[PDB]
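Undergrad: Residue numbers (my numbering), protein chains in the order written: chain G, 4 to 109; chain W, 4 to 109; chain D, 2 to 104; chain Y, 2 to 104; chain Z, 2 to 104; chain S, 2 to 104. We treat Cβ as the ideally placed atom computed from N, Cα and C, and that holds for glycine.
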Amino acid sequence: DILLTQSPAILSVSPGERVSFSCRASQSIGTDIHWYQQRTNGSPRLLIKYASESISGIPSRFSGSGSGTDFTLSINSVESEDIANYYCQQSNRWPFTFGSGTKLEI
Amino acid sequence: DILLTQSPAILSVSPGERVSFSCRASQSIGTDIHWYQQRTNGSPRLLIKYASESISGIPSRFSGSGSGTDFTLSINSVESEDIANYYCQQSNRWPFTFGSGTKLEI
Amino acid sequence: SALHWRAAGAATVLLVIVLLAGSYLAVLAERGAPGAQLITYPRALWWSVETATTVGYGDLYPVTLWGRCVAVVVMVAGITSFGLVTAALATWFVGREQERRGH
Amino acid sequence: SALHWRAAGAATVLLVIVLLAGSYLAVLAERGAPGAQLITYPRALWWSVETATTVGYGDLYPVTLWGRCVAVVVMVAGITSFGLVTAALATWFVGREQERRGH
Amino acid sequence: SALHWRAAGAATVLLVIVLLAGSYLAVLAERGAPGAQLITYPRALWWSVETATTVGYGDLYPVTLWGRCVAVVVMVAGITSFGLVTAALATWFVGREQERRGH
Amino acid sequence: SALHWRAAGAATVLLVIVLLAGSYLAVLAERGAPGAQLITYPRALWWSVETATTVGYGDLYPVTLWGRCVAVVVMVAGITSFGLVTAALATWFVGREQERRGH
Ligand code: NI
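1) Determine the chain W residues that contact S70(G) at a beta-carbon separation under 7 Å, and present them in chain order.
2) Please state whether the Cβ-Cβ distance between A27(S) and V64(S) is less than 8 Å.
3) Is the segment 78–94 of chain S in contact with the segment 74–89 of chain Y, if contact means three or more CB pairs nearer than 8 Å?
4) Flag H5(Z) as yes when its Cβ comes closer than 7 Å to any non-hydrogen atom of the ligand NI, and as no otherwise.
5) Decide if the segment 35–48 of chain G is in contact with the segment 86–97 of chain G; the criterion is three or more beta carbon pairs, one per stretch, under 8 Å apart.
6) Per DSSP, which residues does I36(W) bridge with? Please list them.
7) Taking the beta strand (DSSP E) that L50(G) falls in, what are its first and last residues?
8) Go ahead and pull the three-state DSSP assignment for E82(G).
9) Measure the CB-CB distance between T41(Z) and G79(Z) and report whether it falls below 8 Å.
10) Between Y58(S) and the rest of its own chain, which residues show a CB-CB distance below 7 Å, the 5 nearest in sequence each way excluded?
11) Output yes if chain Z places a C-beta closer than 8 Å to the C-beta of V71(S); else output no.
12) Given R69(S), which residues of its chain have a CB within under 6 Å of its CB, disregarding the five upstream and five downstream residues?
13) Quick one, which of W6(Y), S2(Y), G23(Y) has its alpha-carbon nearest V73(Y)'s?
14) Could you tell me which of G10(D), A12(D), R32(D), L46(D) sits nearest to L21(D), measuring between CA atoms?
15) How long is the line joining the alpha carbons of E100(S) and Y25(S), rounded to whole angstroms?
16) According to the neighbour-count rule (16 or more other Cβ atoms, all chains shown, within 10 Å of its Cβ), is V56(Y) buried or exposed?
17) Along the segment 19–35 of chain S, what residues have a CB closer than 9 Å to any CB found in chain W?
18) With H, G and I counted as helix, E and B as strand and the rest as coil, what does DSSP make of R32(D)?
19) Apart from the five residues on each side of it in sequence, which residues of its chain come closer than 8 Å, Cβ to Cβ, to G10(Y)?
20) For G57(D), decide whether its Cβ has a neighbour in chain Z, counting only Cβ atoms nearer than 8 Å.
21) Please return the same chain residues whose Cβ sits closer than 7 Å to the Cβ of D85(G), not counting the five positions on each side in sequence.
22) So, at 8 Å on beta carbons, what are the nonlocal neighbours of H5(Y) in its own chain, with the 5 sequence-adjacent residues on each side left out?
23) If contacts are defined as beta-carbon pairs under 8 Å, then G71(W) and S31(W) qualify, I think. What distance do you get, rounded to the angstrom?
24) Output yes or no for whether 8 Å exceeds the beta carbon distance between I109(W) and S80(W).
25) Report the neighbours of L15(Y) on chain S: residues whose CB is nearer than 7 Å to its CB, in chain order.
26) Where does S15(W) sit, in a helix, a strand or coil, going by DSSP?
27) Would you mind reading off the limits of the alpha helix (DSSP H) that contains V22(W)?
28) For a contact defined as C-beta to C-beta under 8 Å, what are the partners of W47(D) on chain Z?
29) Alpha carbon to alpha carbon, how far is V71(Y) from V17(S)? Give it in angstroms, no decimals.
30) Using a C-beta cutoff of 8 Å, does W38(W) count as contacting chain Z?
31) Quick check: the Cα distance between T13(S) and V95(Y), rounded to an integer number of angstroms?
32) Report buried or exposed for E56(W), applying the criterion of at least 16 other Cβ atoms within 10 angstroms of its Cβ.
33) How far does the beta strand (DSSP E) with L107(G) in it reach, from first residue to last?
34) Just to confirm, is the Cβ distance from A8(D) to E98(Y) under 8 Å?
35) Under 7 Å between beta-carbons, which chain W residues line up against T41(Z)? List them in chain order, please.
36) In whole angstroms, what is the alpha-carbon distance linking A30(Z) and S49(Z)?
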């Protein structure tokens with residue numbers, strides 16, 4: 004069972020700054036990494052798939068990068084609406100798994 | 004993204020002695036390792052390619068060795084003109100990457 | 002029309018069918034198996050082609066009894082097809098030669 | 002009946018036999034060799050098919066002189082069979098063509 | 002001259018062409034894909050030969066949709082060529098035999 | 002005697018020769034290359050057979066320009082041989098059929 008680690012668990016940033024969340028897999032997963040956003044009392048929302056691919060409807064300030072075991076989800080110009088929990092999930096090997104999650108904080 | 008680490012960041016040696024710079028990759032890259040020299044206010048200059056292969060025009064005192072994750076760039080008889088920053092770069096996997104660089108000092 | 006040309010092409014529709022069904026059955030059989038990698042259709046399709054052509058790069062392969070059973074069928078379809086064309090190109094070169102000589 | 006059809010099928014019983022004996026001899030030769038992975042029958046059977054079809058995924062392979070000797074036989078049986086069928090499908094397409102033309 | 006000998010050789014110029022274009026298209030499609038290894042021409046050429054001959058050692062393989070599309074073409078060219086020669090050597094052995102007997 | 006049977010066997014002596022020379026040239030070309038594994042004769046011989054049969058398990062493969070040049074020759078010899086036998090078994094099945102019918 005792949006283990007995705009998201010540290011730090013909490014992230015503090017100033018309005019407008021560039022922020023980055025880390026996800027690291029216990030083994031090489033290529034690019035099979037996907038990000039989700041979850042605000043207070045909401046359901047998860049796909050933000051990035053296959054480490055860097057964009058989704059229709061997601062603000063152009065969201066990007067992703069990485070391969071193997073190190074992945075990064077970035078946000079250029081952190082706003083209000085970004086306050087939320089971020090999770091990463093892999094599809095490389097069965098069963099799919101989820102990161103511990105990271106809370107954004109302005 | 005392969006991570007090439009060049010430690011130490013600075014190197015002190017006496018005129019004429021043999022010196023060696025280390026570069027280590029976060030994963031096995033075979034011999035796809037290349038060295039560059041950069042003096043004060045100059046542009047990079049290819050010194051060694053594919054870990055050990057020589058370039059036309061580079062002083063015979065420059066050599067290279069290594070494989071997988073451990074590479075070494077050596078200089079027999081360190082002179083004046085060697086004072087400069089040394090970098091390593093890999094071509095094994097996309098995207099190409101660069102080492103943090105090492106400064107030679109006599 | 003010419004038999005050898007019927008089966009050759011026919012084996013090409015069949016192969017494609019086995020190639021697609023292969024991808025589907027592969028995922029279905031491999032999911033549920035810890036550590037399995039043949040778990041999404043897209044790559045599972047690339048795995049099929051790989052198999053059918055016996056190129057086997059080793060970047061993806063089945064680990065369950067059924068995935069493997071599925072693999073044996075894809076391999077055999079690939080091999081039988083690629084060999085039914087060769088046997089066809091032979092019946093063709095033999096026919097043309099047989100006329101450039103007298104018969 | 003038709004020779005080419007006798008050997009083709011005959012090579013199919015033979016291949017299966019070599020495939021089963023292969024699995025057995027493989028384990029027997031590999032056990033005792035530190036680090037060897039071809040050590041249980043089930044997967045050793047999957048290894049045989051893999052070999053016979055030259056798909057070689059690289060998930061399993063012999064490391065001892067005898068395992069390899071065993072592998073060379075499975076490979077050759079696989080290759081000789083898969084080629085004795087092709088040569089059969091050729092004698093078949095050649096026969097049918099030869100009648101759809103005059104002879 | 003003999004048809005079967007025309008296509009055989011012709012498939013040999015074609016294969017070489019596909020082998021070179023393959024190397025070029027491979028790099029072009031794989032660069033830009035994190036973790037891709039088929040990114041320089043020299044080895045990309047060695048990858049082509051590997052593929053065309055279905056030897057697939059697994060030391061290099063495509064990871065992008067286009068690299069793979071490129072791989073399927075190289076594989077097929079390799080397989081079609083190597084099979085168009087066999088079908089040629091058959092039309093040749095059949096011709097010689099047919100004369101060492103009477104026809 | 003029968004041409005197709007001459008070349009088939011002849012290609013079998015040749016293949017064996019290329020298989021042995023291959024092992025020797027392989028080591029010679031790979032030694033000196035950091036990280037190379039095709040560096041002792043015994044396994045280098047197992048590598049040859051692997052290559053010639055296009056089974057390619059991926060446990061051993063060349064990394065130098067010459068080792069690879071050597072590999073291309075072994076592969077091609079393997080493929081040309083295994084295909085010159087098939088073309089032989091075809092000229093044989095065609096001959097027998099041609100008599101079990103009238104000619
Ligand atoms: Ni006749």
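TA: By the coordinates alone:
1) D4
2) no
3) yes
4) no
5) yes
6) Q93(W)
7) 48–52
8) coil
9) no
10) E51
11) no
12) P63
13) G23(Y)
14) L46(D)
15) 47 Å
16) buried
17) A34, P35
18) coil
19) none
20) yes
21) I78, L107
22) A88, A89, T92, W93
23) 4 Å
24) no
25) Near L15(Y) there are no residues of chain S at all, since even the closest Cβ is about 14 Å away, more than 7 Å.
26) strand
27) First-last for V22(W): 22–28, but that is the beta strand (DSSP E), not the alpha helix (DSSP H).
28) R69
29) 18 Å
30) no
31) 27 Å
32) exposed
33) 105–108
34) no
35) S94
36) 14 Å
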